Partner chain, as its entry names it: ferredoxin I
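A lone chain, given as structure tokens: the form deposited without the partner chain.
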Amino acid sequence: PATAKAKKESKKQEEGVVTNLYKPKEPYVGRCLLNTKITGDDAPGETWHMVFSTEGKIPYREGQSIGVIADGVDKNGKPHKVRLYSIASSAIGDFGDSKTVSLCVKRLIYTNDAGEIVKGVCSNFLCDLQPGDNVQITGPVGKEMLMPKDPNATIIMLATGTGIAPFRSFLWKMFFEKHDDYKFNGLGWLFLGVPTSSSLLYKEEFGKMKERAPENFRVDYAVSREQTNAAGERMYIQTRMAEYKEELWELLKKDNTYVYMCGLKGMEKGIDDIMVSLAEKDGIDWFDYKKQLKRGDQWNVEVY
């Protein structure tokens, strides 16, 4: 139309997306409905899946995050700083009523070289929540991990640990829900890297997804302490990807292929390493190429 269109058109679903509806000064006070440990007792970290009531007052979209202000005060009697957490539920939610939001939280605990145990403020606060407890929420936040508009896109999801969160959100909308305006028929390929089998988050859910959409969904796990490749190397996410290096490289050259990466900071290095060798097989500089993919919204990263 002969209408004014000054702004730039993205390839992601930005229409109707809201950010920072609730801020630290006046957060939304939700309530814990459920909180379940989803890792095995032998897992080295301990991750919990929790659901909060929102009364539908927080219209978040798949891929966004919310902030959590843990109860308590710091030394100066001031509130705790906000900690961000990727939303692990679809917009409709685990209860299917558009009135809740779910988080996938790893309890941060470690011993320093003094033998002293240190505990993260917000992660331990969240994991200790009991149904009925109040929680201060802010946001929603983020535009980086929003889903592609293309219902027939090839979506490659690379995740480590809790980085699986935004992808569980994607996948629920793609395969577990009926949307009259969005019918996914592309290819969803998930790569999830964790240390042990007892750390395999939402495995049962992805299994049911593979069952009802066998030709639209593929999953590959990388358990570093239990698997190894022919060369005898630990199976990290990049190591598993290397088994499909030919296929992944070919997919990246397509216009409807979108890569999303979420998880532990540093996972990008290992992935770049595998890409640099592939890129030079065609006389291409990976970093110059990645920059191009980014401009086209085909390489989205959110690590921490």
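Residue numbers count along the first chain shown, from 1.
Quick note: we don't show the form solved in complex with the partner chain, though the next part is all about it.
In the bound PDB entry, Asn76 approaches the partner chain with a heavy atom inside 4.5 Å. The partner chain is not drawn, but in the bound PDB entry it has no heavy atom within 4.5 Å of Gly296.
Although the partner is absent here, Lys81 sits close enough that one of its heavy atoms falls within 4.5 Å of the partner chain in the bound PDB entry.
Contact between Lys281 and the partner chain in the bound PDB entry is not found at the 4.5 Å heavy atom cutoff. Three-residue candidate spot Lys25, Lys291 and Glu302; every residue lies within 4.5 angstroms of the partner chain in the bound PDB entry by at least one non-hydrogen atom. With the partner chain left out of view, the stretch that reaches within 4.5 Å of it through heavy atoms in the bound PDB entry is, among 221-229, 166-174, 208-216, 142-150, 142-150.
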